[PDB]
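What follows is one structure encoded as structure tokens, with my remarks underneath.
Scope of the values below: all heavy atoms of this structure, side chains included, with no hydrogens, waters or symmetry mates. Read the numbers this way: they start at 1 and go in the same order the structure lists the ligands and their atoms. Below, read A as the first sequence line, B as the second, and so on, with proteins coming before strands; counting in each chain starts at 1.
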Amino acid sequence: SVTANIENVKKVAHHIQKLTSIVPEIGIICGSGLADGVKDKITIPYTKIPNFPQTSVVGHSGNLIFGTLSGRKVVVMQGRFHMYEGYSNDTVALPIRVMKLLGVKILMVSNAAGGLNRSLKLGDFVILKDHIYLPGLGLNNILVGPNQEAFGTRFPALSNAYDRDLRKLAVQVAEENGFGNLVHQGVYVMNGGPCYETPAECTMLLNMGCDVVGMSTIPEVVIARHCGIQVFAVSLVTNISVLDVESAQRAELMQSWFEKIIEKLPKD
Amino acid sequence: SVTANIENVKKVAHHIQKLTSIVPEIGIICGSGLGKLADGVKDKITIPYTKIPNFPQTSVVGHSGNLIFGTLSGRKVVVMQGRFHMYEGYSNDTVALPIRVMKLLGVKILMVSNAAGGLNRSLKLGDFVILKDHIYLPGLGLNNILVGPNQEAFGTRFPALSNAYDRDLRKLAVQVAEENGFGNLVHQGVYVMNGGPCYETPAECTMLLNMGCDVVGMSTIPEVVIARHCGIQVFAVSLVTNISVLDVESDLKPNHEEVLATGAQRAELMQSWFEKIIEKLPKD
Amino acid sequence: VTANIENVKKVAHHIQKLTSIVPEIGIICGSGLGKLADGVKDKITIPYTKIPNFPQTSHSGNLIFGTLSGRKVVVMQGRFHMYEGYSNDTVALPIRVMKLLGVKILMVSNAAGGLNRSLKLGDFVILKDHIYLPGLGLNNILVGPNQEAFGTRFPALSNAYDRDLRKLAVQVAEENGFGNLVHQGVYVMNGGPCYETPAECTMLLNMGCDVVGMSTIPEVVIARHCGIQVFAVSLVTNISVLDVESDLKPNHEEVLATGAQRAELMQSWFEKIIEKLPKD
Ligand SMILES: Nc1nc2c(Cc3cccnc3)c[nH]c2c(=O)[nH]1
Ligand SMILES: Nc1nc2c(Cc3cccnc3)c[nH]c2c(=O)[nH]1
Ligand SMILES: Nc1nc2c(Cc3cccnc3)c[nH]c2c(=O)[nH]1
């Protein structure tokens, strides 16, 4: 890993700009579980980008996808970097800082999560309105280390981290497209991973006021807000958390939802 | 330290197999209270960690740890004498390797004891608390022993911990305690790991109790996580070596000498308990 | 360099060659103790940069020896915070150096957010206990081989915030007419460097925490480990926001400003405490 400072980020941004003329205004991290629908698209493999972080192979590398979507210029990250895999703070931060320099103003991110809130059902959508960053509370915050002042301040507040206006809009779109009944808003808590929670851990997290639980996202969100990118994030409830020791389907819908949100985003 | 990958683990397992012919089916990590257990082992061969290439090395005021093979209640066991605790600064790979070596040697069941403070207010000094679940605070916080590339030869990328403390082994242990006349000492509860090496402040204890924790210690969970990852069945018990202090105004305090002494007091009972459990384990 | 007896001895001896003051009280100036450094009489200033192997800061820090209310003190101007990326050994060494120099009591101030709903801006919250979130999570300053020359493998934190020093500090505030500003409570450490979200604040409050900050606990842990008595106060520089719907937010400039506002009061308070410390 190398440092996500202005110098290195500039270098990566410029290489990318030589491969495409698209200036992205919206960044999309897709998680669980569209990229096609993107029109006039060019695909850049991470492997073709000097110093861009590399992904988990098996046989297949990640891609950066530029193009348009609902008439908006977007860049899509296909292939994420998760802390449980062992990646450094700098590795996880760089792609987000590269988006900033490329022009990105809004980050949209989806993930899969377990449902703690007892009123949640399988397949529900839970818009993040706040989070609890357990690793960050415990000295593994993605921002630990010298601050890169070119991107943001030493002590960031996370006041309106999940932009309330984007949340309102997303609810409105779901409502008028007839699935407002699947959509909730709640608190996402990050478990460092890679283990699923024990029933005791789930019970503790619920009593902590958490609604859903996952292993991702918060580090990106922290980096995004740090450099002034607006954030929208949703969890797909892919399972109901088990609280007692004694104890691809929604993809099309989710894609359509993001597509219809982007179409209504206020454009400068 | 060497990565706990299949290559390195294989190498260590093979060296050990050259020093003994015992194929262990039960693995025992002696904590507080299992000091005497090591002795009762019959037909035993002792292998010092120092004689095992690439096996992690221990601390014990100079004296090295040992691996002890032999039989116990007619069952073939391997006993780890000397553990690796995270607060000592050991790596994830160091702590994981011994457990993965057991897997390749044939181990099917891991039995582990430890000492812990009593958070649940109904607990008494010297009580036995069988773990039925845990809260892995370091794991929640990105210091999970499994962080890093997954070793697929041993297990999956995203393990569930559904029945981590095998319910059948727990039921059996309760039965053995009951019929041998000490069922009144035995409880079941949730163990929470504090990374250590400090004892908890009263405020921390109060928080952990309200979190739903019954006992608190500094060990064990990492081994249990590695064991479950590679499909070994787990049985674990805490000896309550002290009552957690919840009030800043108190003058009671955790004393490591008193912790060691309680362990030594219940040691004979605990050894007998493990010995009688092993004797009733369903044998393939 | 490892904070072992050999390295600490080396640093202690170098310092002792630059000054004859044997300190009995150690002061870590946080938010509010800016002015305290000045009031120190007969003072010699030693810059960290002149001390071989002493940790380096992020203008350099200084070690200030001298007297204060007739007592011999050493003042650390410039701290080492974990969020900056410093090692356990780096944070621990200065405190271990104090031990060898003669320090018996550590006084520390910091700035914190107010979780307890009864707290007001500019209040003083004497620490009577703490919750060490990084410590619970395997990032305890003491992780690693134990340095036996300084203390035991498994330290208790029974009376970490000496009850007698707390009682005294309350008495001093009371008789000097600001007893109404002073509370006692539980301090929780957030590793940092981010301010807490409303959800995190809500969780921390329900955990039983009164104030939240990013410092102090590691030094306290090292101090208690080697048997130094500890006194620590938080200045409430902001009220924690518990609601996502609010438009109030933590502002570092307002944090700095509140600190500077109460600085004179805080200095006077530490000065009048030291004056009443039982002297061997
Ligand atoms: N911590 C946690 N994460 C998840 C996820 C996210 C995930 C996990 C593994 C593979 N792919 C995605 C889904 N459910 C949960 C959960 O319950 N807890
Ligand atoms: N955190 C915590 N740990 C323990 C232990 C574990 C132990 C092992 C060896 C020596 N000393 C302690 C026992 N009791 C406690 C406890 O109360 N809290
Ligand atoms: N975590 C947290 N810390 C603080 C502080 C301390 C501080 C020191 C340096 C810069 N900024 C803040 C003051 N208030 C808070 C807070 O609310 N939360």
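Under the 3.5 Å distance criterion, the side-chain polar atoms of C:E84 are left unmatched by any main-chain donor or acceptor of A:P146. Although no hydrogens or angles enter the test, the distance criterion places no donor-acceptor pair under 3.5 Å between the side chain of C:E254 and the main chain of C:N251.
With ligand atoms numbered from 1 in the order given, ligand 1 contributes 13 (C), 14 (N) to contacts under 4.0 Å with heavy atoms of A:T238. Less than 4.0 angstrom separates some heavy atom of B:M218 from each of these atoms of ligand 2: 1 (N), 3 (N), 6 (C), 7 (C). Listed by atom number, the atoms of ligand 1 under 4.0 Å from A:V213 heavy atoms are 2 (C), 3 (N), 4 (C), 15 (C), 16 (C), 18 (N).
When hydrogens are left out, the protein atom nearest atom 12 (C) of ligand 1 is A:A112 CB, 4.4 Å; that is the closest non-hydrogen contact. For atom 3 (N) of ligand 3, the closest non-hydrogen atom of the protein is C:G213 CA, 3.5 Å. In this structure, atom 10 (C) of ligand 1 lies nearest to the protein heavy atom B:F158 CE1, 3.5 Å. In this structure, the protein non-hydrogen atom closest to atom 15 (C) of ligand 1 is A:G114 N, 3.5 Å. Protein heavy atom in closest approach to atom 11 (N) of ligand 3: C:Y195 OH, 3.0 Å.
Of all the heavy atoms of B:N242, the ones lying under 4.0 Å from any atom of ligand 2 belong exclusively to the side chain. Contact annotation: for C:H252 versus ligand 3, heavy atoms closer than 4.0 Å belong to the side chain alone.
Using a 4.5 Å heavy-atom threshold, the side chains of B:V95 and B:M86 count as touching.
Taking the six-membered ring wherever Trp is involved, the centroid distance between the rings of B:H256 and C:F154 falls below 6.0 Å.
Judged by the shortest distance from any of its heavy atoms, C:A112 lies inside the 4.0 Å radius around the atoms of ligand 3.
Note: an N/O pair closer than 3.5 Å links A:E197 and ligand 1 by distance alone.
Of the listed residues (A:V189, A:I132, A:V212), just one forms a side-chain contact (heavy atoms from CB on, under 4.5 Å) with A:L205, and that residue is A:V189.
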